[PDB]
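*Asks:* Chains R and D are the protein sequences, given in the same order. For the first sequence, the numbering used here gives the first residue as 9, with consecutive numbering after it. For the second sequence, the numbering used here gives the first residue as 9, with consecutive numbering after it. After the structure tokens below, expect a handful of questions from me.
Number of protein chains: 2
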Amino acid sequence: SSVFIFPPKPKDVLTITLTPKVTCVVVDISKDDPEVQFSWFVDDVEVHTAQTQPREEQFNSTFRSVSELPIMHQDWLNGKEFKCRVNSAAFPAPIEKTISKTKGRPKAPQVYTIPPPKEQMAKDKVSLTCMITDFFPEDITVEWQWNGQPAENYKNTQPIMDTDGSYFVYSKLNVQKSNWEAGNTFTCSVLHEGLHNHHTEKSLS
Amino acid sequence: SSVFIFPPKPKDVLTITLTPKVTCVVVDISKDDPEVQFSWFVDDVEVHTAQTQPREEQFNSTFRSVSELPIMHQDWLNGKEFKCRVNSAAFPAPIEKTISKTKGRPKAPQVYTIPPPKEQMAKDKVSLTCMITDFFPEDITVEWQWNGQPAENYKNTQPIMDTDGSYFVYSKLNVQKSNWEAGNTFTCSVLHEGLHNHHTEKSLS
Ligand SMILES: [Cl-]
Ligand SMILES: [Mg+2]
Ligand SMILES: [Mg+2]
């Protein structure tokens, strides 16, 4: 069992009413292993407000242990370091994991939308595209809105670093024929620390 | 000299990187009056992180004294009460002022845009309109964006309470002829606690 640590949801970090949290996970544990113990520190000073989930059997019959450290929005943006120190019997020494915002001047992303390619219109299931470029750091949230309501039928590619140090991402929203030309409006909502108001919208029809 | 207290900028309250602040002002002071002393409390417990400006001569030759209490975003949204207690020699007893978010379930505003009325197109200076309705509480920020850059040539009416308990606001963006039909894009950016992502955009051309 190897330990992983995850950044907070970019959306959570930017919305005052949400609660950003750092996540530590010990996956691939043997039903036989003793419960792992977690320990957290914010800038090398231990904190005691984390909550660790019970323990859940995953898809490969083994388990995972999740621990969440709720944090302050500002601490993530100001670059504080978050350390998860996990140990147990099945570990000679404890494993330590670290994570913190990528450092550098934030850069605002360029958000563009793309209506179905000329050649796809011939199908009975098309796809709208949101093309987000030149942002930094990589933390970003991209979602789609049908008219004004959520849309769960979309996929975002993981951010990739272009040659120049910035990142890009594509979001693909699928829509069974119809809708597109004759129908409801489609909006690409992006949240990033580099945007004016930290958020922006672009819509298609 | 009567004392006033002002809510934090709605935009400040909602953007994690901005610093919302409560403002106390003692306007109409006589050049002869002794410097007023301020005192703050958050939920009846005094705080000592406020900063009071020196003292500035206003438009009617008299002066004003401004004191700002930086606060936490959450405290404003969670309904905490902010009290400014000001005294001095020119005051028998001290004056106390209170302010805090209006209480009730937040309601999301409906944001619509209006292109110049048919009858105004005949002029060499038109006006775009952003019509925001059904929001609650009244704290809101409405701004305009020419393409993607700020616009300072706009006016927002103060929010008004409709019959049903909600509020509405109109924002008027003026644009010297041209632009409108043949030109750059105009966006109405609104920030409110009741919106998804706390923010939204509507554009015209
Ligand atoms: Cl926001
Ligand atoms: Mg099983
Ligand atoms: Mg003078």
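Idealized CB from N, CA, C, for every residue including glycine.
Measuring only the C-alpha atoms, how far is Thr23/R from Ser9/D?
*Replies:* Roughly 40 Å between the two C-alpha positions.
*Asks:* Alpha helix (DSSP H) containing residue 278/R: first to last residue?
*Replies:* Residue 278/R is absent from the model: chain R starts at 9 and stops at 213.
*Asks:* For the region 75-109 of chain R, which residues have a CB atom closer than 9 Å to at least one CB atom of chain D, in sequence order?
*Replies:* Against chain D - using a Cβ distance shorter than 9 Å - the residues of the region 75-109 of chain R are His81, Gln82, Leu85.
*Asks:* Should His204/D be flagged as near chain R, meaning a C-beta pair shorter than 9 Å?
*Replies:* Yes - at least one Cβ of chain R is within 9 Å of the one on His204/D.
*Asks:* In terms of DSSP beta bridges, what is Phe12/D paired with?
*Replies:* BP columns for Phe12/D point to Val33/D.
*Asks:* For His207/R and chain D, any beta-carbon pair shorter than 9 Å?
*Replies:* Closer than 9 Å to some Cβ of chain D, the Cβ of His207/R qualifies, so yes.
*Asks:* Is any non-hydrogen atom of ligand 3 found closer than 8 Å to the C-beta of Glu65/D, if you look at the structure I gave you?
*Replies:* It does: the Cβ of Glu65/D is within 8 Å (strictly closer) of some heavy atom of ligand 3.
*Asks:* Strictly by DSSP, which residues pair up with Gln59/D?
*Replies:* DSSP output for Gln59/D lists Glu76/D as bridge partner(s).
*Asks:* Please report how far the alpha carbon of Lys88/R lies from the alpha carbon of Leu26/D, in whole angstroms.
*Replies:* For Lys88/R and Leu26/D, the distance between alpha carbons rounds to 18 Å.
*Asks:* Does the distance between the C-beta of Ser108/D and the nearest non-hydrogen atom of ligand 3 fall short of 8 Å?
*Replies:* Checking the Cβ of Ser108/D against ligand 3 gives no.
*Asks:* Terminal residues of the continuous beta strand (DSSP E) containing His207/R?
*Replies:* Residues 207-212.
*Asks:* Decide if the region 114-128 of chain D is in contact with the region 137-150 of chain D; the criterion is three or more beta carbon pairs, one per stretch, under 8 Å apart.
*Replies:* Judged by Cβ distances under 8 Å, the region 114-128 of chain D makes contact with the region 137-150 of chain D, as three or more pairs qualify.
*Asks:* Quick one: what's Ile103/D bridged to in DSSP?
*Replies:* Beta-bridge pairing links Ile103/D to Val94/D.
*Asks:* At which residues does the alpha helix (DSSP H) containing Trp84/D begin and terminate?
*Replies:* Start and end: 81-85.
*Asks:* Kindly indicate which three-state DSSP category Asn182/R falls into: helix, strand or coil?
*Replies:* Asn182/R falls in the strand class under three-state DSSP.
*Asks:* Mind checking the region 154-169 of chain R against chain D and listing, in chain order, the residues whose C-beta falls within less than 7 Å of any C-beta there?
*Replies:* So nothing in the stretch comes that close.
*Asks:* Please list, in chain order, the chain R residues whose beta carbon lies closer than 8 Å to that of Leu199/D.
*Replies:* Under the 8 Å cutoff, chain R gives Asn205.
*Asks:* Going by DSSP in three states, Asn68/R sits in which element: helix, strand or coil?
*Replies:* Reduced to three states, the DSSP call for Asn68/R is coil.
*Asks:* Which residues in the same chain as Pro102/R place their Cβ atom closer than 7 Å to its Cβ, once the five residues preceding and following it in sequence are excluded?
*Replies:* Closer than 7 Å at the Cβ level, and outside the excluded window around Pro102/R, lie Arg93, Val94, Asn95.
*Asks:* Please indicate yes or no: does the CB of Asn161/R lie closer than 8 Å to some heavy atom of ligand 1?
*Replies:* No, ligand 1 has no heavy atom inside 8 Å of this Cβ.
*Asks:* Any chance the CB of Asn187/D is under 8 Å from a heavy atom of ligand 1?
*Replies:* Checking every heavy atom of ligand 1 against the Cβ of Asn187/D, none is found closer than 8 Å.
*Asks:* Note down, one range per segment and in chain order, each beta strand (DSSP E) of at least 3 residues found wholly within the region 114-183 of chain D.
*Replies:* DSSP runs (the beta strand (DSSP E)) wholly in the region 114-183 of chain D: 118-122, 134-143, 149-154, 162-164, 175-183.
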